[PDB]
Amino acid sequence: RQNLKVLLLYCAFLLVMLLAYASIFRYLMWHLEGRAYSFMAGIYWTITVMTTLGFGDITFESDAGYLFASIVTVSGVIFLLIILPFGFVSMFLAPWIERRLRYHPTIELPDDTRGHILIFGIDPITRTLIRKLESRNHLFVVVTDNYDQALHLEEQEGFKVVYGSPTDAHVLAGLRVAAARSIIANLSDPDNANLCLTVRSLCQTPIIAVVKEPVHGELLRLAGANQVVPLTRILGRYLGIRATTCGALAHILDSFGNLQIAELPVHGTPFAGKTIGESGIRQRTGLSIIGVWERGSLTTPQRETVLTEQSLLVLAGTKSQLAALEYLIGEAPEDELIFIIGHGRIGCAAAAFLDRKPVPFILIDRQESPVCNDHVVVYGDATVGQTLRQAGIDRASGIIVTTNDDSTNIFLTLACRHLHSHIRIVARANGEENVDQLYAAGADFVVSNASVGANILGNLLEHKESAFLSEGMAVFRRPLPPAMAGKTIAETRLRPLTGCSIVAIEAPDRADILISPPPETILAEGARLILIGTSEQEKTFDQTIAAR
Amino acid sequence: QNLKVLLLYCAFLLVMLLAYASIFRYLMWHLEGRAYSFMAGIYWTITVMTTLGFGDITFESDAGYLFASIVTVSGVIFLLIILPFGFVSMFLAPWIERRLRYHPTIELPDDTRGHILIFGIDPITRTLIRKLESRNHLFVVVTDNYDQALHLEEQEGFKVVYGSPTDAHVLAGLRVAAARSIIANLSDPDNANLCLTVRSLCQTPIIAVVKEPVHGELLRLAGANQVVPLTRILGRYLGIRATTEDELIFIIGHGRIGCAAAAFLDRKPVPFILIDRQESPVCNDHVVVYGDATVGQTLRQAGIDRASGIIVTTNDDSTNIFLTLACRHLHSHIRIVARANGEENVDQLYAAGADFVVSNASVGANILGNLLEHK
Amino acid sequence: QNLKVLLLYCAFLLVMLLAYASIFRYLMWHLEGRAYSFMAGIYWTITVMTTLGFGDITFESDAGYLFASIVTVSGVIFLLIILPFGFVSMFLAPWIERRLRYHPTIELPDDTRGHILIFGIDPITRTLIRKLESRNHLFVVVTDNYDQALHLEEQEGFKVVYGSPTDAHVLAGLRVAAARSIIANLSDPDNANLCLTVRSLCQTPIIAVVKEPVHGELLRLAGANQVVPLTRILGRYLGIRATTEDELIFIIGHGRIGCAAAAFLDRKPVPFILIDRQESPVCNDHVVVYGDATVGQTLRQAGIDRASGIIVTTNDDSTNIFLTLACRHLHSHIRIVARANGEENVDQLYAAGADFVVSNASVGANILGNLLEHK
Amino acid sequence: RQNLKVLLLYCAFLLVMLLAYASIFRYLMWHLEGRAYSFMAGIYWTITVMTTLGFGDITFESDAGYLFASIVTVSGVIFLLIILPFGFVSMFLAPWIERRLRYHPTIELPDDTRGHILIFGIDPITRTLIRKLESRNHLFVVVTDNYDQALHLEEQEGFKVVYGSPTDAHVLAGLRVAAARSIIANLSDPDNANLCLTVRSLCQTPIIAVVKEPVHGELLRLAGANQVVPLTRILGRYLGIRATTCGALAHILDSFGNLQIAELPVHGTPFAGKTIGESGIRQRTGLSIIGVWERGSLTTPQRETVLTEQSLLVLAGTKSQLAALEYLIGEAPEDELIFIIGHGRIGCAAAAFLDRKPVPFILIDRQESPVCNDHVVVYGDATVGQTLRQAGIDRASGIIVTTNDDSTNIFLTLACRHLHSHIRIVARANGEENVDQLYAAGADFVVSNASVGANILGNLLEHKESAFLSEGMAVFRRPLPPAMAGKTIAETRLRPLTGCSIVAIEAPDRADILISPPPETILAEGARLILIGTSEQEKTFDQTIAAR
Ligand SMILES: [Ca+2]
Ligand SMILES: [Ca+2]
Ligand SMILES: [Ca+2]
Ligand SMILES: [Ca+2]
Ligand SMILES: [K+]
Ligand SMILES: [K+]
Ligand SMILES: [K+]
Ligand SMILES: [K+]
Ligand SMILES: [K+]
Ligand SMILES: [K+]
Ligand SMILES: [Zn+2]
Ligand SMILES: [Zn+2]
Ligand SMILES: [Zn+2]
Ligand SMILES: [Zn+2]
């Protein structure tokens, strides 16, 4: 842009210089020496002089003609010999060298820039959220106050990088935060607080803050943030659920008090190896298989679907419906004891989780946690010798390996699995490049940080048409009224009446479900509906069915 | 400088021109018997050196060949090598050489007078500069830190010099004698060194910002014309804002300021609690409640409930904000006074819930600024 | 690459030449009725583009003027801009661009086979390289450390790649499948990661240098074809050299080696004293006498007098030298075995008084080297 | 050198190309078209073609002539249009940019380099030894293994800088250590040991090692070093001598057992304010004023010389002669108590000194000395408040301020002198740029590290014709034999007879001395000689006087 324009702007000047001279010449030849020259001769002459070719076939004779020739000559040397080779070189050669040779840190965004997604605080999660959602070519812009880090992210991108204080309002003004589509506040909690209060001072643009300590959750909504994600606590959960010898029930959401969305690791459970229709999970409980999570993907349930031990079943149903699956697994193993190696915010979160549903564990680390005063820790280097065995890794029913270094995690998983082939080992993979290797070391399940993080933010980013809608709302299930047996969702006109929206229609006699049905969907008899609206829209719903 | 070297070389070139154009007209006459008009001589000489080469005006004698060969090369050496080099070197070097690698300015020009020497850059001084360059005073900051001279050179509005502020030779190059005023905002021992050294070269007025108020008379002693105990003052402004029985003021942060503020609330007896993480390396006369205020029930275990005032005094604004935000959530009616190092965060401490905010940079600049034009 | 782009552009230029020289001869004939020999066409075309401009062969019709104007510019664009650029860009860029700022090599060519991947550079491997490039094997070292890739790139004899040795995509670019052998000389957890990852891409032989000998079977388990417990071995070589009653051997230095050596002198019961400064982060089974050996009567308070042998095992050669020098001064007849990390200091440990010197780099290279060509 | 040669080598080729072409042309014109051209025409043509001037007055006509013209044309564009502008630019423009833009670290010395002085371990002392002895333009070469430090020393020099391991023998080989004049080993003691053992492996070049811990002195001579300087211990001495309220006697050398070279701070002594002849120091004791040290300079004593309080008197005489000056000062003040603020190697050395001649002191510091277990230290920050007064700085007779930071030293000296105007304050100046300011703060005397260091090394460097001669020798004084009353030193021919050398001849009845007398010096009656030879040369001396 700014360099190419300067180029052919200067070419327009040169062509003007040409056409001018070629005519001044034809004038002089006529008015000085009495020679009528064709126009092309004027061009041909002028070119020949400036370019310093100088054929000498067309020359002047009067001193006056000498002067104008001398002039045109120099004008060739100044503008075709100096500037034009300079400009061709300066606009082409400078970018390759000046910008690799020394950083020219981008400090501001263009005036017109809109629709971008501001990333504040780069790390494995966000870096993975970027590589994943640039598959829709969103304009991802990351920001850093760290000069040497802006260097790295500028040479390898994918995403434009800005260098500056994320709290300085003037900086945020140059980032056109008002015209932004969404802002990801992935800094420290006090910086996240500063960040939000500052953005709320310039605009109202949606801010998804990733909070470290879950207690600071309400404090960041308070700082302005539209949605808060306690990632460290969540990953701890996913670890504690994966470690419980027999796959246990995990509660995801309490939609008012009507419906519970939950999940279940199929491992060590009578549904493992068995299929969906074979297990007949919906039939015996009345539950709703809203989706199955196997190989890092969200898929719709099928009857012919075999549940691997590695699988995770999402659920939806009443409190007495979930209860029916805590008995269809369904007995706890005697002498449970889970080693949690690593007392980060995650290992601590996981230990807080295994506390919530009482399973005794041992927290092993090297130094004491700067954050936690409520967890007793066994102190000692796990890498060095008999440390795990002195704690008694022998009577353990599960090892959760939670170091912030993947290479170490691998080496423990490798060390444990060698030492005990049959025990449940759950590891944690910061960088998702090491996921495959924790499995290959012997991990029964691997929780990739980057992957789980990106998936949450990603979903919260493209659901951001109704994510703050979904926030502060209740989701419910309604047995489809027989009056609408055979009628379209569109023909029924449910949303203009009630305000609720259909997200899923399952079969009357099947574990199969149709999720996010199109407006042209013809309803069926007995088909069980599951919708999302306000608490009060679930309410006025029952009329607009009775009304019409 | 670089421009002078350019058109000095253009004067030489025009001399070369007028000379050659006349040597030519001489030769044509004295070698081959051709009288050429002066303009023809210029026109020829230009045509040769510029290597255009029309060939309408040529010599014939071997002698004429020689002078033509000479004028030809002189064109290639001075219009083909130097003049494109010089146009490129004076224009292209500054954009690249100076962004690409630092050429640290080590000295001030001979004639430089009326400048205001800044020694020890920080939020205060940086704010004193943006504020008093609205009268376009020549602000010159100095640092012994190479990597810091880099930052301040690319972003300016003030020229930056790299060198030891205590080395007398350095101060001599800074023309301290002809200076209008000197701001000594370093450590107390450095400030002392700085003054004793300037008093050795001149008598130029020196406004020293003293950290520990006891060292105040020691710096006037080092030469300083006026001494400003900024940390003590900001503590005062905090203690005054927090009172305005069962009075009880939490002071979160035991810096020199929170300690100054606690020393202030002592002077007019109001009971307070000093909360911090580590013990103050400077104070042995204030009892401190030790514990991280960010982590959980720390403030409540001290009893933030029967408190009539919280003074939030961390040296990090983002943390101050997050406390003010945390306190005001926890207690809507109590007087919360916060402190804003960088004045970019002032608005946000208010927005968090601060009943009053004391901006360091702002209060500092205002004092120095006033002391500078009242000088 | 860069050379190809050059004479590819020369082929285009010669095409431009032969084309123009014929278009010209055509025009002269079809425009003005002048038959020109082919060489005249070349000679003209050269003369125009090169901007020489003799003016002996010129057109007269406006049409001829146009084609001449065209050929003229085509000379200025392709002989005046690109050809001097390209000669400069392919020649001048490598000397400057690559010394001036690093362009870190991130990947290996498609066809690269028969190479020996080095993972984890240090005195041993660096010595294994200088020794086995006497058969001109393609040694490629890898590092995730940017500033270390710089050093190893300017001083080589081995190509350097910058990247995570555990990232599978990185290993894919290194053509690990077509590799001849891989040397895993990282930490034990990294070595484990490294192997499990290579075993995921290929089955290429991996010689892992294991630090703690207990992790030996764990690395064969990670895939490694052969495991070398170098630290344990060097300890052995030290313990053997120090015996060869009242036998009593001082082992100065409680590294993995001095600890290995002490474990060795345990296996065939000879009483010793382990002297160090801090406690070993790895060993809880060796009692150590704590105290700085450099500072005064430390060795004599332990009783270096009734000792039958000193094993000097510091990870600094200059210190080892200074101890060996200090001991041999203090006791001429006692058996002193020292350890030489860098083999540049071997001669000096002898010269200080070492009865035998165990060079780390040398013993390491010899083992790996043998394991590499016996492979 | 290497770049200029490549330039005019290429100019020789160009002129060859010229003279060749100009003759090929004249040949062709004759053998192709039948035109005899003068030689100058050939040059003139050839120039005109290659330079792309192209007058077109002299052209060919045959196709053959076209070819050779086309050839000469291109040869102009390749060698006058590409290389010659490149080479003019590359040899001129590269040094200014390539070398400022990125370091090209000098890794080796030229083959022929001899007579240089290798500096190993740059610091205030050596940097001052360099600025001082480049006033004789010696080739000072400093060496460092620190890349970022080689950068600094290369841009500011004065002295060429080499980058490499000073212990690596190959490195030392490139430094041509064999052809070296002298080597200064100013590294750590183990590095100094390594350095010497390595140099002794390549050559025998003289090595002056600056030893930190004085106990390691004999260990470095053992490593090869020809002379060892325990600088830290010496500076401690100079501090302890300066602090003793009344100027005390300090013993410099025990030449066998015959003669003692000593010194005396004149401060607080009855010679202060008084002159040399007025005090009549030589007269009452028999001592020899070998030189006076006032303002950082070594000067010959004069009778009309006033001894300031700041002065230091060097001495030479027997054990009973020095004794006579420990009573002419001469009484110790009651209640002596010296604060030594700073427990470095120097403050510790100074405290070890004030121990040797029992004066009670207080060692104050912040942390405990990693090196000393024999000095009890009062721990506490001296900058912070009542720390000095709680130790009782009130009953102190002297403060020695010995921090490794000058700005702090200044601030203490400034703080003490404020607190106590009359007490003896001795400070220490690392960098000699701060010396003036310690005085201006109130220091009664300032010991500049850099200055005292350079002066020792400097002297040891230019005395290196007889420094190792002076080492292991004894210096003596002899009452000039009356037989040589009126005879020259040269006429006497003392050195070929005895082997001793005259360094000083003083007057029979004067405190004045003539030092390093020229060979043409006519002796006098009673004039007292002081010479330097071997222990055994002082012996055989008494014959060669009795012989003739
Ligand atoms: Ca991996
Ligand atoms: Ca802000
Ligand atoms: Ca060596
Ligand atoms: Ca100074
Ligand atoms: K012509
Ligand atoms: K003609
Ligand atoms: K021409
Ligand atoms: K021409
Ligand atoms: K030309
Ligand atoms: K040109
Ligand atoms: Zn915890
Ligand atoms: Zn305090
Ligand atoms: Zn051990
Ligand atoms: Zn001591």
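Criteria and cut-off values
Residues numbered from 1 in each chain as written, not as in the entry; some residues may be left out. Chains lettered and ligands numbered in written order. Heavy atoms only, no water. Residues with missing side-chain atoms left out of burial classes, pairs and counts. Helix = DSSP H or I, 4+ residues; strand = E, 2+ residues; numbered from the N terminus. Rg over C-alpha atoms; globule rule 2.2 N^0.38 Å. Contact = heavy atoms within 4.5 Å. Donors = N, O, S within 2.8 Å, 3.2 Å for Na, K, Ca; no water. Buried < 20%, exposed > 50% of the residue type's maximum accessible area, 1.4 Å probe, protein only. Pairing = 2+ DSSP bridges. Axes fitted to C-alpha atoms, helices over the stretch in contact; angles between N-to-C directions. Parallel < 35°, antiparallel > 145°, perpendicular 65-115°, else oblique. Left-handed = near helix turned anticlockwise from the far one by under 90°. Nonpolar A, V, L, I, M, F, W, Y, C, P; charged D, E, K, R; others polar. Buried area = accessible area lost by both parts, 1.4 Å probe. Salt bridge = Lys/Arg side-chain N within 4 Å of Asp/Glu carboxyl O. Polar contact = N/O pair within 3.5 Å; in protein donor to acceptor, adjacent residues only side chain to side chain. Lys, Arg positive; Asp, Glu negative; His and termini not counted. UniProt positions renumbered as here; feature names shortened; annotations may be inferred.

Trainee: What should I look at first to understand the overall build of chain A in this one?
Mentor: When you go through chain A residue by residue, the secondary structure sums to 21 helices and 21 strands. In terms of overall dimensions, chain A is more spread out than a globule: its C-alpha atoms have a radius of gyration of 35 Å, far above the 24 Å expected for 548 residues. Overall, the C-alpha framework of chain A stretches about 115 × 70 × 45 Å when taken along its three principal axes. Long-range contacts, defined as pairs at least 24 residues apart, comprise 63% of the intrachain contacts of chain A with a sequence gap of at least 6.

Trainee: Teacher, can you tell me more about the coordination of the zinc ion (ligand 13) here?
Mentor: Around a metal, the perfect tetrahedron of four donors has angles of 109.5 degrees, and the perfect octahedron of six donors has angles of 90 or 180 degrees. Residue and element names in this part refer to chain C. The protein atoms that coordinate the zinc ion (ligand 13) are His-254 (NE2), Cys-259 (SG) and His-286 (ND1), at distances spanning 2.5 to 2.8 Å. One chain supplies every donor for the zinc ion (ligand 13), spaced along it as H-x4-C-x26-H. A residue pair is termed long-range when its members are at least 10 positions apart, and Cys-259 in helix α10 (residues 256–267) and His-286 in the loop between β8 (272–276) and β9 (288–290) qualify at 27 residues. Relative accessible area serves as the criterion here: at 15%, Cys-259 is assigned to the buried category.

Trainee: Would you explain the sheet that holds strand β9 (residues 288–290) of chain B in this entry?
Mentor: Backbone-to-backbone hydrogen bonds join strands into a sheet, with any given pair of strands oriented parallel or antiparallel. Residues and elements named next belong to chain B. With respect to topology, 6 strands assemble into an open sheet ordered β9-β8-β7-β10-β11-β12, the strand pairing being parallel. A single partner strand is all that each edge strand has here, and the edge strands are β9 and β12 (356–359). Between one strand axis and the next, the sheet turns through 20° on average, direction left out of account. With 4 bridges joining them, strand β11 (residues 335–340) and β12 adopt parallel strand pairing. Looking at β12, one finds that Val-337 is bridged to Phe-356.

Trainee: Looking at this structure, how should I read the packing of helix α9 (residues 231–243) of chain A against helix α17 (residues 449–462) of chain A?
Mentor: Between two packed helices, both the angle of their axes relative to each other and the distance between the axes serve to describe the pair. Residue and element names in this part refer to chain A. Packing of α9 against α17 leaves a shortest axis separation of 11 Å and a crossing angle of 120°. Classed by the angle they form, the pair α9 and α17 counts as oblique. When you trace α9 past α17, the crossing you get is right-handed. Contacts from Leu-231, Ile-234, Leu-235 and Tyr-238 of α9 reach α17 at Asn-449, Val-452, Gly-453 and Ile-456. The residue makeup of the contact of α9 with α17, split by class, is 6 nonpolar, 2 polar and no charged.

Trainee: Please clarify how the interface of chain A and chain B should be interpreted in this entry.
Mentor: Often, the extent of an interface is quoted as the loss of accessible area upon association of its parts. On the chain B side, the residues contacting the 40 residues of chain A number 37 residues. Considering only the surface of chain A that becomes buried against chain B, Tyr-66, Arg-102 and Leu-197 of chain A emerge as the three largest contributors, covering 17% of it. On inspection of chain A and its partner chain B, the count reaches 0 salt bridges. Inspection of the region where chain A meets chain B yields 7 residue pairs in polar contact. Of all the secondary structure elements, the ones that give two or more residues to the side of chain A that touches chain B are α2 (39–50), α3 (63–101), α7 (189–199) and α8 (217–223) of chain A. The dominant element in the side of chain A that touches chain B, judged by the number of residues it contributes, is α3 of chain A, at 12 residues. For the side of chain A that touches chain B, the class distribution of residues is 21 nonpolar, 12 polar and 7 charged.

Trainee: Can you help me understand the side chain of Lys-464 of chain D in this one?
Mentor: Residue and element names in this part refer to chain D. As for its placement among the helices and strands, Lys-464 is situated in the loop between α17 (449–462) and α18 (467–470). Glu-465 provides the closest opposite charge to the buried, unpaired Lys-464, separated from it by 7.5 Å. Of note is the side chain of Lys-464, whose polar atom sits 3.0 Å from the backbone oxygen of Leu-461. Apart from residues lying up to four places away in sequence, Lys-464 is in contact with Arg-181, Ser-182 and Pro-206.

Trainee: Looking at this structure, how should I read the UniProt feature "transmembrane region" (unreviewed entry) in chain B?
Mentor: Residue and element names in this part refer to chain B. Taken from the UniProt record, the annotation "transmembrane region" (unreviewed entry) applies to residues 3–24, 36–54 and 66–93. Helix makes up 100% of residues 3–24 and strand makes up 0%, while its end C-alpha atoms are separated by 31 Å. End C-alpha atoms of residues 36–54 are separated by 16 Å, and the span's content is 63% helix alongside 0% strand.

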